[PDB]
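Participant: Encoded as structure tokens, here's the structure I'll be asking about.
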Amino acid sequence: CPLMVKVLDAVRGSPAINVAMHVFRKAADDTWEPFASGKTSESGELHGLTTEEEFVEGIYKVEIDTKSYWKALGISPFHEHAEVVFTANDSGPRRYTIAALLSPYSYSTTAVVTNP
Amino acid sequence: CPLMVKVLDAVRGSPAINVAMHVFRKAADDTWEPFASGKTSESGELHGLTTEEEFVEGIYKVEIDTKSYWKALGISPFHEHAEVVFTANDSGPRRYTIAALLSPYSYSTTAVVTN
Amino acid sequence: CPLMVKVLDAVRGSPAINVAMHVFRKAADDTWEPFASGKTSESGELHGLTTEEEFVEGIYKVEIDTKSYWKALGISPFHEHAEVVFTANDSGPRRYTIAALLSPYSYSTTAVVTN
Amino acid sequence: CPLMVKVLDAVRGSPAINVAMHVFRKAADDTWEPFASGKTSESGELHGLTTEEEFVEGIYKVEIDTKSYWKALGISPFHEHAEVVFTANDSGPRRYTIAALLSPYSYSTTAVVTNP
Ligand SMILES: CCOC(=O)/C=C/c1ccc(O)c(O)c1
Ligand SMILES: CCOC(=O)/C=C/c1ccc(O)c(O)c1
Ligand SMILES: [Ca+2]
Ligand SMILES: [Ca+2]
């Protein structure tokens, strides 16, 4: 599991459950190509997006559908989604944990990168 | 000044100065059309991006070049840039301030929407 | 204005208005002596807490009553308050802005220190 | 484990390791009494601070020694420490995860509260 995403709700002090996200990888022609997708579990985590073999060097974008999340709670949020764009595996394979903390008008995102 | 952006540096505790950014507006074919751009001032602020006549309802993306900012400081950053994507919605009388707080491996952004 | 505090509301995307806070200065017996206090304005800012003659080096604590703020909005908060504890250090010419961004179960604070 | 604290470093994109913290509980005379203490592990986590029996209703303060952390990395930070003060177990036993994200001039803290 070289890529895991964890989403928290700062309003309810809970994991953010059933949050959809799409991962994209930049192709040689500079377009974003679909790479993987999924929804967070009860712990607010999404595991198993990719494998070490498949997760090659490149520029990746994680689009977290924060807007649908807030909507289903009755909240009309500011952002369309939270975006995280980064170069991966530039110096060799790493494990990446992307954490996102959500409020209706704010979000923060951090990465934990560890050497396999 | 319907839209202003403020950027802060969490490593040095200062405004983030000379940060470049581009603002895009979502087009009907779902591509991003450039709309406005600039560099943050000494106060870390970017003013005069648009006018209220021009700033109509729609989806907007602010793309902040955080990577070049950290490179200039000699610090290896995680993100390619920081993106803030939002819908502008008439309410009516409203001004938008988008604040970003930057660290090498983290960023946070908030909107202050007033009248 | 050597020290100013700004508070923002991440749930409503606005300044946090009428937030009460107290500033303490660490005494030699390691207890906190009240120093200054006030309520945030309509811009979510608290100015005029101290003067530069009075604002000498030392350890300071700003205690922001976030709990009363969320109670007034009908939202059950996690924190009793938000505390920012820092050392003021001559550098020399410096102004301090302490910003806090509040959510019911989270807060973030940053210092912008300029000249 | 009704109380766990997790500390992350936003400058290095890593867990914040060997970070000291002290926990205090407000006594009936309004003073802060020592409750528990420890240092974060290699995963940036501190487990086993307390037990369900011992962790009664009350107002608790977690003082995270962020200043020593930054110092040992050669950084002169803004804050003396990060403080988290909260009422616990007011409606019955809960499990609390306190997360703290650190930069030299900034920190954020969030709580995840789950019903046992
Ligand atoms: C409009 C002025 O914004 C500030 O001075 C600070 C904003 C801010 C945004 C996010 C944060 O986490 C924070 O601590 C502060
Ligand atoms: C138990 C939560 O584990 C985490 O990775 C929390 C990360 C985190 C992300 C953003 C924040 O503002 C924060 O305080 C914490
Ligand atoms: Ca995993
Ligand atoms: Ca545990």
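Simple scheme: letters A, B, ... for chains in structure tokens order, numbers from 1 for residues in each chain, numbers from 1 for ligands in the order shown.
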Given identical sequences, can you show me chain A least-squares superposed on chain D via all its Cα atoms in order, as a compact mmCIF listing (two decimals) with N, CA, C and O atoms, in the first residue's frame?
Facilitator:
# COMPACT_ATOMS: atom_id res chain seq x y z
N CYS A 1 -7.29 1.90 25.39
CA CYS A 1 -6.59 3.14 25.05
C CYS A 1 -7.58 4.24 24.72
O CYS A 1 -7.87 4.50 23.55
N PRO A 2 -8.11 4.90 25.76
CA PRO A 2 -9.10 5.98 25.59
C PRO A 2 -8.47 7.33 25.22
O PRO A 2 -9.19 8.27 24.90
N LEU A 3 -7.14 7.41 25.26
CA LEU A 3 -6.46 8.65 24.88
C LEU A 3 -5.17 8.35 24.14
O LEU A 3 -4.27 7.70 24.68
N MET A 4 -5.10 8.81 22.90
CA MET A 4 -3.91 8.66 22.09
C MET A 4 -3.59 10.01 21.46
O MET A 4 -4.50 10.76 21.12
N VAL A 5 -2.31 10.33 21.34
CA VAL A 5 -1.90 11.58 20.71
C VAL A 5 -0.97 11.28 19.55
O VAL A 5 -0.08 10.46 19.67
N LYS A 6 -1.21 11.94 18.42
CA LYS A 6 -0.44 11.71 17.20
C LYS A 6 0.12 13.04 16.74
O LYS A 6 -0.62 14.01 16.64
N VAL A 7 1.43 13.09 16.49
CA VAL A 7 2.09 14.34 16.14
C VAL A 7 2.80 14.19 14.80
O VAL A 7 3.56 13.23 14.58
N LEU A 8 2.55 15.14 13.90
CA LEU A 8 3.17 15.15 12.57
C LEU A 8 4.02 16.41 12.34
O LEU A 8 3.73 17.48 12.87
N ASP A 9 5.06 16.26 11.53
CA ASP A 9 5.96 17.34 11.15
C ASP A 9 5.63 17.79 9.71
O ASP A 9 5.74 17.00 8.77
N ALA A 10 5.21 19.04 9.56
CA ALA A 10 4.75 19.56 8.28
C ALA A 10 5.91 20.07 7.41
O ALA A 10 5.73 20.37 6.23
N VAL A 11 7.10 20.17 8.01
CA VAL A 11 8.29 20.63 7.30
C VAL A 11 8.98 19.45 6.62
O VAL A 11 9.45 19.55 5.49
N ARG A 12 9.00 18.31 7.31
CA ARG A 12 9.72 17.16 6.81
C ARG A 12 8.80 16.08 6.24
O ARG A 12 9.27 15.10 5.66
N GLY A 13 7.49 16.26 6.39
CA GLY A 13 6.53 15.27 5.94
C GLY A 13 6.76 13.92 6.62
O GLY A 13 6.80 12.86 5.98
N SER A 14 6.90 13.97 7.93
CA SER A 14 7.19 12.77 8.68
C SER A 14 6.42 12.78 9.98
O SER A 14 5.89 13.81 10.40
N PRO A 15 6.35 11.61 10.63
CA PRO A 15 5.84 11.67 12.00
C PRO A 15 6.81 12.52 12.82
O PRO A 15 7.98 12.63 12.46
N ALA A 16 6.32 13.15 13.88
CA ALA A 16 7.20 13.88 14.78
C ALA A 16 7.59 12.93 15.91
O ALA A 16 6.75 12.58 16.74
N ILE A 17 8.85 12.52 15.92
CA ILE A 17 9.32 11.43 16.76
C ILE A 17 9.94 11.98 18.03
O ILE A 17 10.57 13.04 18.00
N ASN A 18 9.74 11.26 19.13
CA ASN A 18 10.37 11.59 20.39
C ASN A 18 9.92 12.98 20.88
O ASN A 18 10.72 13.74 21.43
N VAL A 19 8.66 13.30 20.66
CA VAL A 19 8.10 14.55 21.15
C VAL A 19 7.53 14.34 22.55
O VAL A 19 6.65 13.49 22.74
N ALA A 20 8.01 15.11 23.51
CA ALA A 20 7.54 14.95 24.88
C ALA A 20 6.19 15.63 25.05
O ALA A 20 5.92 16.65 24.41
N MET A 21 5.36 15.08 25.92
CA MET A 21 4.13 15.77 26.31
C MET A 21 3.70 15.40 27.72
O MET A 21 3.95 14.29 28.18
N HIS A 22 3.04 16.34 28.38
CA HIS A 22 2.49 16.13 29.71
C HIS A 22 0.99 16.35 29.67
O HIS A 22 0.50 17.27 29.01
N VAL A 23 0.26 15.48 30.36
CA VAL A 23 -1.19 15.62 30.48
C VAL A 23 -1.54 16.03 31.90
O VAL A 23 -0.98 15.50 32.86
N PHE A 24 -2.46 16.97 32.04
CA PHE A 24 -2.90 17.46 33.35
C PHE A 24 -4.41 17.40 33.45
O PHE A 24 -5.10 17.47 32.44
N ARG A 25 -4.91 17.29 34.68
CA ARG A 25 -6.34 17.25 34.93
C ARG A 25 -6.67 18.33 35.95
O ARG A 25 -5.95 18.51 36.92
N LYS A 26 -7.75 19.07 35.71
CA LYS A 26 -8.09 20.18 36.59
C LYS A 26 -8.67 19.62 37.90
O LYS A 26 -9.60 18.81 37.88
N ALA A 27 -8.10 20.01 39.03
CA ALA A 27 -8.60 19.55 40.32
C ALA A 27 -9.75 20.42 40.82
O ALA A 27 -10.04 21.47 40.25
N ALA A 28 -10.41 19.98 41.90
CA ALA A 28 -11.56 20.71 42.43
C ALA A 28 -11.22 22.13 42.87
O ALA A 28 -12.11 22.99 42.93
N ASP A 29 -9.95 22.37 43.18
CA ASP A 29 -9.51 23.69 43.61
C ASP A 29 -9.00 24.52 42.44
O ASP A 29 -8.30 25.52 42.62
N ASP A 30 -9.35 24.08 41.23
CA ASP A 30 -9.03 24.78 39.98
C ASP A 30 -7.56 24.78 39.58
O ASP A 30 -7.17 25.51 38.67
N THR A 31 -6.73 23.96 40.23
CA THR A 31 -5.34 23.84 39.82
C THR A 31 -5.15 22.68 38.83
O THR A 31 -5.95 21.74 38.80
N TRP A 32 -4.09 22.75 38.02
CA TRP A 32 -3.75 21.66 37.11
C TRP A 32 -2.91 20.62 37.82
O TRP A 32 -1.83 20.94 38.33
N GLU A 33 -3.41 19.39 37.87
CA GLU A 33 -2.67 18.31 38.52
C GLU A 33 -2.11 17.37 37.47
O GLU A 33 -2.82 17.02 36.54
N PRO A 34 -0.84 16.96 37.63
CA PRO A 34 -0.21 15.96 36.75
C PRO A 34 -1.08 14.71 36.57
O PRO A 34 -1.57 14.15 37.55
N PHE A 35 -1.28 14.30 35.32
CA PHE A 35 -2.15 13.15 35.07
C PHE A 35 -1.39 12.00 34.39
O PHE A 35 -1.47 10.86 34.82
N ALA A 36 -0.63 12.32 33.34
CA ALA A 36 0.20 11.33 32.64
C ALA A 36 1.22 12.03 31.76
O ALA A 36 1.11 13.23 31.51
N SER A 37 2.23 11.29 31.30
CA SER A 37 3.21 11.85 30.38
C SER A 37 3.91 10.77 29.55
O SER A 37 3.80 9.58 29.85
N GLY A 38 4.63 11.19 28.52
CA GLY A 38 5.27 10.27 27.61
C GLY A 38 5.87 10.99 26.42
O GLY A 38 5.80 12.23 26.33
N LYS A 39 6.46 10.21 25.51
CA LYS A 39 7.07 10.71 24.28
C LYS A 39 6.52 9.93 23.08
O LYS A 39 6.23 8.76 23.20
N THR A 40 6.38 10.59 21.93
CA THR A 40 5.87 9.90 20.74
C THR A 40 6.86 8.85 20.24
O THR A 40 8.08 9.00 20.39
N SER A 41 6.33 7.79 19.66
CA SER A 41 7.17 6.73 19.11
C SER A 41 7.62 7.08 17.69
O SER A 41 7.47 8.24 17.25
N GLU A 42 8.15 6.08 16.99
CA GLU A 42 8.63 6.23 15.61
C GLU A 42 7.49 6.55 14.65
O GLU A 42 7.72 7.12 13.58
N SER A 43 6.27 6.18 15.02
CA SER A 43 5.11 6.49 14.18
C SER A 43 4.49 7.84 14.55
O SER A 43 3.46 8.24 14.00
N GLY A 44 5.13 8.54 15.49
CA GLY A 44 4.64 9.82 15.94
C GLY A 44 3.45 9.71 16.87
O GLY A 44 2.77 10.70 17.13
N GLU A 45 3.23 8.51 17.40
CA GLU A 45 2.10 8.23 18.28
C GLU A 45 2.50 7.98 19.73
O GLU A 45 3.54 7.39 20.01
N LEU A 46 1.64 8.40 20.64
CA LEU A 46 1.81 8.10 22.06
C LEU A 46 0.58 7.36 22.52
O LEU A 46 -0.51 7.94 22.55
N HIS A 47 0.75 6.09 22.88
CA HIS A 47 -0.33 5.23 23.35
C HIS A 47 -0.17 4.95 24.85
O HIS A 47 0.92 5.12 25.41
N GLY A 48 -1.25 4.49 25.47
CA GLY A 48 -1.18 3.96 26.82
C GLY A 48 -1.00 5.00 27.91
O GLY A 48 -0.52 4.69 29.01
N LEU A 49 -1.39 6.24 27.61
CA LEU A 49 -1.33 7.29 28.60
C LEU A 49 -2.21 6.99 29.81
O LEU A 49 -1.83 7.30 30.94
N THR A 50 -3.37 6.38 29.59
CA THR A 50 -4.33 6.15 30.67
C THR A 50 -5.19 4.91 30.44
O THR A 50 -4.99 4.19 29.47
N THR A 51 -6.15 4.66 31.33
CA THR A 51 -7.04 3.51 31.21
C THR A 51 -8.45 4.03 31.31
O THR A 51 -8.66 5.17 31.71
N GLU A 52 -9.43 3.20 30.97
CA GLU A 52 -10.82 3.60 31.09
C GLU A 52 -11.22 3.92 32.52
O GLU A 52 -12.01 4.83 32.75
N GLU A 53 -10.71 3.14 33.48
CA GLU A 53 -11.09 3.34 34.88
C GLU A 53 -10.56 4.67 35.39
O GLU A 53 -11.25 5.39 36.12
N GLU A 54 -9.33 4.99 35.01
CA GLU A 54 -8.62 6.15 35.53
C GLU A 54 -9.06 7.44 34.83
O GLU A 54 -9.07 8.51 35.44
N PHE A 55 -9.43 7.33 33.56
CA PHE A 55 -9.80 8.49 32.73
C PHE A 55 -11.24 8.90 32.98
O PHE A 55 -12.11 8.66 32.15
N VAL A 56 -11.48 9.52 34.13
CA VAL A 56 -12.83 9.93 34.52
C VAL A 56 -13.21 11.27 33.88
O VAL A 56 -12.37 11.92 33.25
N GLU A 57 -14.48 11.66 34.03
CA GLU A 57 -14.93 13.01 33.65
C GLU A 57 -13.99 14.08 34.19
O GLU A 57 -13.46 13.96 35.29
N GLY A 58 -13.80 15.15 33.42
CA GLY A 58 -12.99 16.25 33.90
C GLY A 58 -12.47 17.11 32.78
O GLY A 58 -12.74 16.84 31.60
N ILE A 59 -11.75 18.16 33.14
CA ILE A 59 -11.11 19.01 32.15
C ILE A 59 -9.64 18.66 32.12
O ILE A 59 -8.96 18.69 33.16
N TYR A 60 -9.16 18.32 30.92
CA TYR A 60 -7.80 17.83 30.72
C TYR A 60 -7.00 18.80 29.87
O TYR A 60 -7.57 19.48 29.01
N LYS A 61 -5.70 18.86 30.10
CA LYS A 61 -4.82 19.68 29.28
C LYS A 61 -3.67 18.84 28.80
O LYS A 61 -2.98 18.23 29.62
N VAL A 62 -3.44 18.80 27.49
CA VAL A 62 -2.27 18.16 26.92
C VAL A 62 -1.30 19.25 26.51
O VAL A 62 -1.64 20.08 25.66
N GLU A 63 -0.11 19.26 27.11
CA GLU A 63 0.95 20.21 26.75
C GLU A 63 2.03 19.51 25.94
O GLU A 63 2.80 18.70 26.48
N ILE A 64 2.09 19.82 24.65
CA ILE A 64 3.04 19.14 23.76
C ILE A 64 4.29 19.98 23.61
O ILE A 64 4.22 21.13 23.20
N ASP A 65 5.44 19.40 23.94
CA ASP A 65 6.67 20.20 23.96
C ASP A 65 7.24 20.37 22.57
O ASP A 65 8.24 19.75 22.22
N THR A 66 6.61 21.26 21.81
CA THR A 66 7.00 21.48 20.43
C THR A 66 8.32 22.24 20.33
O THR A 66 9.08 22.05 19.38
N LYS A 67 8.59 23.10 21.30
CA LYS A 67 9.81 23.90 21.27
C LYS A 67 11.10 23.07 21.29
O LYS A 67 11.99 23.29 20.47
N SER A 68 11.21 22.12 22.23
CA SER A 68 12.35 21.20 22.27
C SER A 68 12.48 20.41 20.97
O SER A 68 13.59 20.13 20.51
N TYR A 69 11.35 20.02 20.40
CA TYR A 69 11.36 19.28 19.14
C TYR A 69 12.07 20.08 18.05
O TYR A 69 13.01 19.57 17.43
N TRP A 70 11.66 21.32 17.84
CA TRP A 70 12.23 22.15 16.77
C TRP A 70 13.69 22.49 17.05
O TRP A 70 14.51 22.49 16.14
N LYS A 71 14.00 22.75 18.32
CA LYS A 71 15.37 23.08 18.75
C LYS A 71 16.38 22.03 18.31
O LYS A 71 17.39 22.35 17.67
N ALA A 72 16.09 20.78 18.66
CA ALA A 72 16.93 19.64 18.30
C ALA A 72 17.06 19.43 16.79
O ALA A 72 17.88 18.63 16.34
N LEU A 73 16.25 20.14 16.00
CA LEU A 73 16.39 20.11 14.54
C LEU A 73 17.10 21.36 14.03
O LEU A 73 17.27 21.53 12.82
N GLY A 74 17.48 22.24 14.95
CA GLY A 74 18.24 23.43 14.60
C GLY A 74 17.34 24.62 14.34
O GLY A 74 17.78 25.65 13.85
N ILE A 75 16.06 24.46 14.66
CA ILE A 75 15.09 25.51 14.38
C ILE A 75 14.67 26.24 15.65
O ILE A 75 14.42 25.61 16.68
N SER A 76 14.61 27.56 15.57
CA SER A 76 14.11 28.36 16.69
C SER A 76 12.65 28.73 16.44
O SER A 76 12.36 29.66 15.68
N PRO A 77 11.72 28.00 17.07
CA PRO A 77 10.30 28.14 16.76
C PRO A 77 9.61 29.27 17.49
O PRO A 77 10.17 29.90 18.40
N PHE A 78 8.37 29.50 17.10
CA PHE A 78 7.60 30.57 17.70
C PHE A 78 7.02 30.15 19.04
O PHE A 78 7.18 30.86 20.03
N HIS A 79 6.35 29.01 19.06
CA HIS A 79 5.58 28.60 20.25
C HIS A 79 6.43 27.91 21.32
O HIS A 79 7.41 27.22 21.02
N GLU A 80 6.02 28.09 22.57
CA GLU A 80 6.66 27.39 23.68
C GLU A 80 6.22 25.93 23.66
O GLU A 80 7.02 25.02 23.85
N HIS A 81 4.94 25.73 23.41
CA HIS A 81 4.39 24.40 23.29
C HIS A 81 3.04 24.50 22.61
O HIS A 81 2.55 25.60 22.34
N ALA A 82 2.45 23.36 22.28
CA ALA A 82 1.09 23.36 21.78
C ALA A 82 0.23 22.87 22.93
O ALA A 82 0.61 21.92 23.62
N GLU A 83 -0.89 23.54 23.17
CA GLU A 83 -1.78 23.18 24.27
C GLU A 83 -3.14 22.77 23.74
O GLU A 83 -3.67 23.36 22.81
N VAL A 84 -3.70 21.72 24.34
CA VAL A 84 -5.02 21.25 23.96
C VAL A 84 -5.80 21.05 25.25
O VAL A 84 -5.46 20.17 26.04
N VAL A 85 -6.83 21.87 25.46
CA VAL A 85 -7.62 21.77 26.68
C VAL A 85 -9.06 21.44 26.36
O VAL A 85 -9.69 22.13 25.55
N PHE A 86 -9.59 20.42 27.02
CA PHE A 86 -10.92 19.94 26.67
C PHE A 86 -11.57 19.19 27.83
O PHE A 86 -10.87 18.61 28.68
N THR A 87 -12.89 19.22 27.87
CA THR A 87 -13.67 18.39 28.78
C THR A 87 -13.81 16.99 28.19
O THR A 87 -14.16 16.83 27.02
N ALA A 88 -13.50 15.99 28.99
CA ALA A 88 -13.60 14.61 28.55
C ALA A 88 -14.70 13.85 29.30
O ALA A 88 -14.95 14.09 30.49
N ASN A 89 -15.37 12.95 28.57
CA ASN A 89 -16.25 11.93 29.16
C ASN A 89 -17.51 12.50 29.80
O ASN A 89 -18.14 11.86 30.64
N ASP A 90 -17.85 13.71 29.39
CA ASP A 90 -18.99 14.45 29.92
C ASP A 90 -20.33 13.72 29.73
O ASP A 90 -21.24 13.88 30.54
N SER A 91 -20.46 12.94 28.66
CA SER A 91 -21.69 12.20 28.41
C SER A 91 -21.44 10.70 28.50
O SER A 91 -22.20 9.90 27.96
N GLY A 92 -20.37 10.32 29.18
CA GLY A 92 -19.98 8.93 29.26
C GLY A 92 -18.66 8.71 28.55
O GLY A 92 -18.15 9.63 27.88
N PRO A 93 -18.09 7.51 28.69
CA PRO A 93 -16.77 7.20 28.15
C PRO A 93 -16.69 7.36 26.63
O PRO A 93 -17.56 6.88 25.89
N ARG A 94 -15.65 8.05 26.18
CA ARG A 94 -15.35 8.18 24.77
C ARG A 94 -13.88 7.79 24.55
O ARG A 94 -13.10 7.73 25.50
N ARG A 95 -13.52 7.51 23.30
CA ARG A 95 -12.11 7.37 22.95
C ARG A 95 -11.67 8.65 22.24
O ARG A 95 -12.36 9.14 21.35
N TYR A 96 -10.53 9.19 22.63
CA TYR A 96 -10.07 10.46 22.10
C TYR A 96 -8.75 10.28 21.38
O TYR A 96 -7.79 9.74 21.93
N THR A 97 -8.71 10.74 20.13
CA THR A 97 -7.46 10.85 19.42
C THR A 97 -7.18 12.32 19.18
O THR A 97 -7.97 13.00 18.53
N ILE A 98 -6.07 12.81 19.72
CA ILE A 98 -5.64 14.19 19.53
C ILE A 98 -4.53 14.16 18.49
O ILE A 98 -3.53 13.47 18.66
N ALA A 99 -4.73 14.87 17.38
CA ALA A 99 -3.72 14.96 16.35
C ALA A 99 -3.17 16.38 16.34
O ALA A 99 -3.93 17.33 16.50
N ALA A 100 -1.85 16.52 16.17
CA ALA A 100 -1.21 17.82 16.09
C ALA A 100 -0.26 17.87 14.89
O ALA A 100 0.58 16.99 14.72
N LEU A 101 -0.41 18.89 14.05
CA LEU A 101 0.45 19.09 12.89
C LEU A 101 1.33 20.32 13.14
O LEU A 101 0.82 21.42 13.36
N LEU A 102 2.65 20.13 13.09
CA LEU A 102 3.59 21.16 13.51
C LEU A 102 4.40 21.84 12.39
O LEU A 102 4.99 21.17 11.55
N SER A 103 4.45 23.17 12.43
CA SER A 103 5.44 23.95 11.69
C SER A 103 6.13 24.92 12.66
O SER A 103 5.61 25.18 13.75
N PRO A 104 7.30 25.46 12.27
CA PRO A 104 8.00 26.29 13.27
C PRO A 104 7.18 27.49 13.75
O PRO A 104 7.29 27.84 14.92
N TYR A 105 6.36 28.08 12.89
CA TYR A 105 5.55 29.23 13.31
C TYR A 105 4.05 28.98 13.33
O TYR A 105 3.27 29.93 13.38
N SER A 106 3.64 27.71 13.29
CA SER A 106 2.23 27.38 13.17
C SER A 106 1.98 25.99 13.70
O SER A 106 2.88 25.15 13.69
N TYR A 107 0.78 25.75 14.20
CA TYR A 107 0.36 24.38 14.45
C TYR A 107 -1.14 24.29 14.37
O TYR A 107 -1.86 25.28 14.52
N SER A 108 -1.62 23.09 14.09
CA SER A 108 -3.04 22.89 14.11
C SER A 108 -3.28 21.66 14.96
O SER A 108 -2.40 20.83 15.14
N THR A 109 -4.47 21.57 15.53
CA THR A 109 -4.78 20.41 16.33
C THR A 109 -6.24 20.08 16.11
O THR A 109 -7.09 20.97 16.01
N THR A 110 -6.53 18.79 16.03
CA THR A 110 -7.88 18.30 15.80
C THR A 110 -8.14 17.13 16.74
O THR A 110 -7.20 16.46 17.15
N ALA A 111 -9.39 16.88 17.06
CA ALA A 111 -9.70 15.72 17.88
C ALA A 111 -10.65 14.80 17.12
O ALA A 111 -11.52 15.27 16.41
N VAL A 112 -10.43 13.50 17.24
CA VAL A 112 -11.37 12.49 16.75
C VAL A 112 -11.92 11.82 17.99
O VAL A 112 -11.17 11.27 18.80
N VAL A 113 -13.23 11.90 18.15
CA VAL A 113 -13.88 11.35 19.33
C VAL A 113 -14.83 10.25 18.88
O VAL A 113 -15.74 10.49 18.08
N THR A 114 -14.61 9.03 19.36
CA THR A 114 -15.47 7.92 18.97
C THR A 114 -16.13 7.27 20.19
O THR A 114 -15.54 7.22 21.27
N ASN A 115 -17.35 6.80 20.01
CA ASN A 115 -18.08 6.16 21.10
C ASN A 115 -17.71 4.69 21.26
O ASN A 115 -17.93 3.88 20.36
N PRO A 116 -17.15 4.36 22.43
CA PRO A 116 -16.74 3.01 22.76
C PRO A 116 -17.89 2.02 22.61
O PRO A 116 -17.78 1.01 21.91
Participant: Starting from chain C, keep only residues with some atom at most 12 Å from an atom of chain A, counting only C-alpha atoms, and report them as an MDAnalysis selection string.
Facilitator: chainID C and resid 8:15 70 75:79 101:108
Participant: Could those residues be written to a file, using N, CA and C atoms, as a PDB file, in the first residue's frame?
Facilitator:
ATOM      1  N   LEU C   8     -10.567  33.683  12.740  1.00  0.00           N
ATOM      2  CA  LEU C   8     -11.437  33.351  11.614  1.00  0.00           C
ATOM      3  C   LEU C   8     -12.293  32.127  11.905  1.00  0.00           C
ATOM      4  N   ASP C   9     -13.466  32.084  11.283  1.00  0.00           N
ATOM      5  CA  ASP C   9     -14.435  31.020  11.496  1.00  0.00           C
ATOM      6  C   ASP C   9     -14.447  30.144  10.230  1.00  0.00           C
ATOM      7  N   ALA C  10     -13.966  28.910  10.365  1.00  0.00           N
ATOM      8  CA  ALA C  10     -13.884  27.950   9.252  1.00  0.00           C
ATOM      9  C   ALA C  10     -15.214  27.273   8.895  1.00  0.00           C
ATOM     10  N   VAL C  11     -16.217  27.428   9.750  1.00  0.00           N
ATOM     11  CA  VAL C  11     -17.520  26.819   9.489  1.00  0.00           C
ATOM     12  C   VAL C  11     -18.396  27.742   8.652  1.00  0.00           C
ATOM     13  N   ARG C  12     -18.285  29.040   8.890  1.00  0.00           N
ATOM     14  CA  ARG C  12     -19.128  29.975   8.174  1.00  0.00           C
ATOM     15  C   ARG C  12     -18.356  30.830   7.168  1.00  0.00           C
ATOM     16  N   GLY C  13     -17.038  30.692   7.152  1.00  0.00           N
ATOM     17  CA  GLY C  13     -16.219  31.466   6.235  1.00  0.00           C
ATOM     18  C   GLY C  13     -16.320  32.965   6.470  1.00  0.00           C
ATOM     19  N   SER C  14     -16.078  33.375   7.708  1.00  0.00           N
ATOM     20  CA  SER C  14     -16.212  34.772   8.079  1.00  0.00           C
ATOM     21  C   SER C  14     -15.224  35.106   9.190  1.00  0.00           C
ATOM     22  N   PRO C  15     -15.048  36.405   9.475  1.00  0.00           N
ATOM     23  CA  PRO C  15     -14.315  36.723  10.701  1.00  0.00           C
ATOM     24  C   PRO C  15     -15.062  36.150  11.899  1.00  0.00           C
ATOM     25  N   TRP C  70     -18.606  29.169  20.035  1.00  0.00           N
ATOM     26  CA  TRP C  70     -19.392  28.095  19.415  1.00  0.00           C
ATOM     27  C   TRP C  70     -20.729  27.850  20.124  1.00  0.00           C
ATOM     28  N   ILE C  75     -23.353  25.272  18.453  1.00  0.00           N
ATOM     29  CA  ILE C  75     -22.516  24.171  17.973  1.00  0.00           C
ATOM     30  C   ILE C  75     -21.630  23.634  19.089  1.00  0.00           C
ATOM     31  N   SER C  76     -21.645  22.321  19.287  1.00  0.00           N
ATOM     32  CA  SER C  76     -20.953  21.718  20.421  1.00  0.00           C
ATOM     33  C   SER C  76     -19.455  21.608  20.138  1.00  0.00           C
ATOM     34  N   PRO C  77     -18.634  22.360  20.883  1.00  0.00           N
ATOM     35  CA  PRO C  77     -17.202  22.428  20.583  1.00  0.00           C
ATOM     36  C   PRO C  77     -16.368  21.444  21.396  1.00  0.00           C
ATOM     37  N   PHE C  78     -15.187  21.104  20.893  1.00  0.00           N
ATOM     38  CA  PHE C  78     -14.293  20.204  21.622  1.00  0.00           C
ATOM     39  C   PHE C  78     -13.458  20.926  22.677  1.00  0.00           C
ATOM     40  N   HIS C  79     -12.894  22.068  22.301  1.00  0.00           N
ATOM     41  CA  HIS C  79     -11.928  22.751  23.154  1.00  0.00           C
ATOM     42  C   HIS C  79     -12.557  23.681  24.185  1.00  0.00           C
ATOM     43  N   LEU C 101      -7.616  30.119  13.317  1.00  0.00           N
ATOM     44  CA  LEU C 101      -8.685  29.641  12.442  1.00  0.00           C
ATOM     45  C   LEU C 101      -9.449  28.576  13.196  1.00  0.00           C
ATOM     46  N   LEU C 102     -10.739  28.793  13.423  1.00  0.00           N
ATOM     47  CA  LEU C 102     -11.479  27.914  14.324  1.00  0.00           C
ATOM     48  C   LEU C 102     -12.508  27.024  13.638  1.00  0.00           C
ATOM     49  N   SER C 103     -12.526  25.764  14.052  1.00  0.00           N
ATOM     50  CA  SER C 103     -13.590  24.816  13.731  1.00  0.00           C
ATOM     51  C   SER C 103     -14.057  24.202  15.055  1.00  0.00           C
ATOM     52  N   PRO C 104     -15.233  23.547  15.076  1.00  0.00           N
ATOM     53  CA  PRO C 104     -15.707  23.029  16.373  1.00  0.00           C
ATOM     54  C   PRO C 104     -14.750  22.045  17.058  1.00  0.00           C
ATOM     55  N   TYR C 105     -14.099  21.194  16.268  1.00  0.00           N
ATOM     56  CA  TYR C 105     -13.204  20.157  16.800  1.00  0.00           C
ATOM     57  C   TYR C 105     -11.759  20.320  16.374  1.00  0.00           C
ATOM     58  N   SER C 106     -11.411  21.517  15.925  1.00  0.00           N
ATOM     59  CA  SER C 106     -10.073  21.757  15.435  1.00  0.00           C
ATOM     60  C   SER C 106      -9.751  23.234  15.509  1.00  0.00           C
ATOM     61  N   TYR C 107      -8.480  23.551  15.723  1.00  0.00           N
ATOM     62  CA  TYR C 107      -8.025  24.913  15.503  1.00  0.00           C
ATOM     63  C   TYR C 107      -6.585  24.946  15.024  1.00  0.00           C
ATOM     64  N   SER C 108      -6.238  26.025  14.334  1.00  0.00           N
ATOM     65  CA  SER C 108      -4.895  26.215  13.828  1.00  0.00           C
ATOM     66  C   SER C 108      -4.524  27.651  14.154  1.00  0.00           C
TER      67      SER C 108
END
Participant: Could you jot down the atom 12 (O, counted along the ligand's line) of ligand 1 to CA of residue 21 in chain B separation for me, Å, one decimal place?
Facilitator: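 Taking atom 12 (O, counted along the ligand's line) of ligand 1 and CA of residue 21 in chain B, their separation equals 19.6 Å.
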